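Take a look at this single chain in structure tokens; it is the form deposited in one PDB entry.
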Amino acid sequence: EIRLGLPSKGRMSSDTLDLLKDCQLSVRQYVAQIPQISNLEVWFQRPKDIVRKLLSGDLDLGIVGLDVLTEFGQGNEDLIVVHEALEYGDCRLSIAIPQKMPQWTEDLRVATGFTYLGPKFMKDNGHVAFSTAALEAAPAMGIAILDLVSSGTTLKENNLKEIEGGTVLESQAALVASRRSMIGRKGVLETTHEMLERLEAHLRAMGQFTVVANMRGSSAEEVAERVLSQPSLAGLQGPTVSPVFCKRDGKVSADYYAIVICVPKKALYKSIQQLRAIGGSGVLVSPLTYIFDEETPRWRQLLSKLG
């Protein structure tokens, strides 16, 4: 049996279920199954509960923000980040001040819910005491900020600004695994492998469009010659070119050719312009679930961390 922890509430939870639904890995009850991965069982927990059960051995995998992983995991050696950047849950844990200064003789208050990571940053380049408090309004009320910043709007609303070097950590959602489970529970390691591969291929896919265009041409080679002259019509390896038939004088002839290329989403609009310039029409654009390519070093780095 293989157990994977997922966030139970917050946007991290809805974004995680949205991620799984986009991978075609769909999951009142709190325990579910992902049937497309053999013997994989999902447990919905708060992220701190994912870290706690991963350390104890009740879970084998988890998806958690890097902030929760580093504070509640404490840099414990048992935890290994398999994928460090699932590209959601973007934030940074940092300190905010109003818009070395010697006023402290042990007799500087920072309000934070991160009871642990504040103290650690004081050994690196730091007289600091921590509290727990509307957290964002704490400097104005006199409680004491060290908090998560994403868009930074909360900082501007409370007349608070950010410092150079004030970012203690950059955080995304991450796929993490238990070391005791990967070495000791047979069957876990291969599904963490499959999970990493699927997440990489989905992230690449997310990503691209497949673009298919009708083009008038005499040969497949002339048409490909036209597509490859265009800078952003390169595709992964080049246009797939196939014949397109239509009835002329009661007889059929391949007057058109259909090309298919991958196009990055950010490049789509200008690509369309380019395709119109070389005579393409009826341009079908569609999304992808996965794009599998050559494996990234992430698997080998995981094995290097394991031995």
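Here, rigid core means the biggest group of C-alpha atoms that superpose within 1.5 Å across both forms. Residue numbers run from 1 along the displayed sequence.
What comes next is about the form deposited in another entry, which is not displayed.
Looking at CA displacements between this form and the one not shown with the core superposed, a shift of 2 Å or more is confined, among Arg204, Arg92, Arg180, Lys120, to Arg204. Superposition on the rigid core between this form and the one not shown places the CA atom of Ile163 less than 2 Å from its counterpart.
In the core-superposed comparison between this form and the one not shown, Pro35 has its Cα shifted by less than 2 Å. Superposed on the core, the two forms barely differ at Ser150: its CA moves less than 2 Å between this form and the one not shown.
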